[PDB]
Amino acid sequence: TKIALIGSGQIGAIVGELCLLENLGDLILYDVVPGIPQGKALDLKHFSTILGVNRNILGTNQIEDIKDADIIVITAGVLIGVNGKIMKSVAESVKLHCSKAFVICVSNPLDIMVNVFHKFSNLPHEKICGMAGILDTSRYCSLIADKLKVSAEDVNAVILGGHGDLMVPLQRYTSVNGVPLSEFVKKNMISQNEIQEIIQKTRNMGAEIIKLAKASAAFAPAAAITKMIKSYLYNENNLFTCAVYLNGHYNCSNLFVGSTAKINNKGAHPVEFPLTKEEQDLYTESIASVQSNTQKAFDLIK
């Protein structure tokens, strides 16, 4: 198994580090800037030795070293104009070198960039995905667990839609070790105002990390990606929210959007859960924005 990291910045490097700790595969660290992937590859090699990992690591500036890659993680970029061009190029490269790879897009804007990759990849839509939902879900589930003074380990939630202010958090589909969130407002352990406070924090978390750390989150995104890698390689069928190809699900077809999905051997597959009309309405507006910003994107690339 060869895991190709297209982009060897902060997120790509920590994905490699975590793919080594768990023995997921050999690493290809690719970047456009000479020297950066070679230096980080050497560091990961010594890290590997210290911790008893024997996987192969190669830092390269030559994209043809992506050949027969089973996994692809795209963080290449720095936005809609400059990253879309980069994403188109990587897309073409993935077609002629590693057409049978499972592809996890990360570059922002996410839901826009996953569609750009699809249009120019000619890859199957089930073999393509973006990571967003798991990061929003984790922040929401952590904030709920803190207030309920419980471990986050068994706090579960569905959050539909794009990675931004077009989130759709489903309180209906939130549970604490199988006990719905409702049961906790019932027992006056949490209030609806507190839950809506938590939702806006979840919506603003990306910007809050940036304002404090003067840099976008890296560790949590890397962990989300690694778990999507894991799900695919080990045919796990785990249920995530991800950018995924809808095909009639939630009244939408022919667009990658943040949705519920299974990841396994054959890729990322949407799941349709029964929504209210206010749940499906908010989501359709969310899906509409992604549709308009994606076609503006395709045109700006001209």
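One-based numbering along the sequence shown.
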property: Chain break class for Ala215 to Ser216, judged by how many deposited residues have no coordinates; result: none
property: Residue range whose averaged C-alpha B-factor is higher in the record, 270 to 278 or 65 to 73; result: 270 to 278
property: Residue stretch of maximal mean CA temperature factor, 229 to 237 vs 47 to 55; result: 229 to 237
property: Deposited CA B-factor, highest of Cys141, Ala224, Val168, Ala101; result: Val168
property: Among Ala220, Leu96, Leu181, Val116 - the residue whose C-alpha B-factor is largest in the record; result: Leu96
property: B-factor third for the C-alpha atom of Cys252 within its chain; result: lowest
property: Chain-relative CA temperature factor third for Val290; result: highest
property: Where the record places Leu79 (Cα B-factor, split into thirds across the chain); result: highest
property: Chain thirds of CA B-factor: placement of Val33; result: highest
property: Third of the chain, ranked by Cα B-factor, where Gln192 sits; result: highest
